[PDB]
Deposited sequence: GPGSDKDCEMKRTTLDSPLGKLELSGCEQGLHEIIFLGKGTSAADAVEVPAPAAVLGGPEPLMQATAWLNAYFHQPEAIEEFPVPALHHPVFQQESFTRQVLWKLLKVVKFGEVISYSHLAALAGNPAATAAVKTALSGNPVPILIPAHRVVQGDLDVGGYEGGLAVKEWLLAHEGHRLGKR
C-alpha cells in the first residue's frame, strides 16, 4: 500500500534513490524544494553532503515506512537515534538500547539498526560498539567510516 513516488540524487557515495508517499519518506536506497516529504528529504541529504554546517536548519521529513507506523522497540531505537544523536557524535549500541527503553539489549539494537529504511538521515553510522571499536554496518565498514570522517569524528576514516 501507499502511493509511492521514487526520486534520485547524486552524492559522494553514489546515486541515492528516495521513495515516499504524501505522508512521509519511506526509504533511502543506495543504487551503488517544498513541503512534500520526498522534497524535504532530498534537501536534507543534499545539505548533509554539501552544506553540513547548516544541517540542523533543514527540516527533517515525516517518515512513513511501516516500521514508523506502529509502536515498537525498533521504532524507539530509530526515533531516539534520530532525535538525540547529532552530527559529529557517536553513541554505543548499549547506551542506545537503554535510551530506547531496554538496557543491555545490544543484539536487539543491532538487528533494529540493520532494518533502518532511511540510513544517513537516521544516523545508524553514529552507533558504535565502544570507544575504540566502530562496530558494524550494512554492506561493510567503509561507508560507515567515511560518514564519520565527513563528520570529523575520531572513529572516521576517509
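Not built in the structure, per the record, are deposited positions 1-6, 39-56.
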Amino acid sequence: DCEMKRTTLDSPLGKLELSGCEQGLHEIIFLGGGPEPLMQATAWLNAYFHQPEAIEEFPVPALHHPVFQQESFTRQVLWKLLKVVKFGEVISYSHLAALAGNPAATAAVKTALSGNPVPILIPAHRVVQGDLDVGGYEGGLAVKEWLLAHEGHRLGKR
From here on, numbers count along this sequence of modelled residues.
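When the C-alpha B-factors of 107-115 and 59-67 are averaged, 59-67 comes out higher. In this crystal structure, the stretch out of 85-93 and 43-51 whose C-alpha atoms carry the higher mean B factor is 43-51.
Split the chain's modelled residues into thirds by C-alpha temperature factor. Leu148 is in the lowest one. Among the modelled residues of its chain, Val128 has a C-alpha B-factor that falls in the lowest third, as given in the PDB entry. In this PDB entry, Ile122 carries a Cα temperature factor that places it within the lowest third of its chain's modelled residues.
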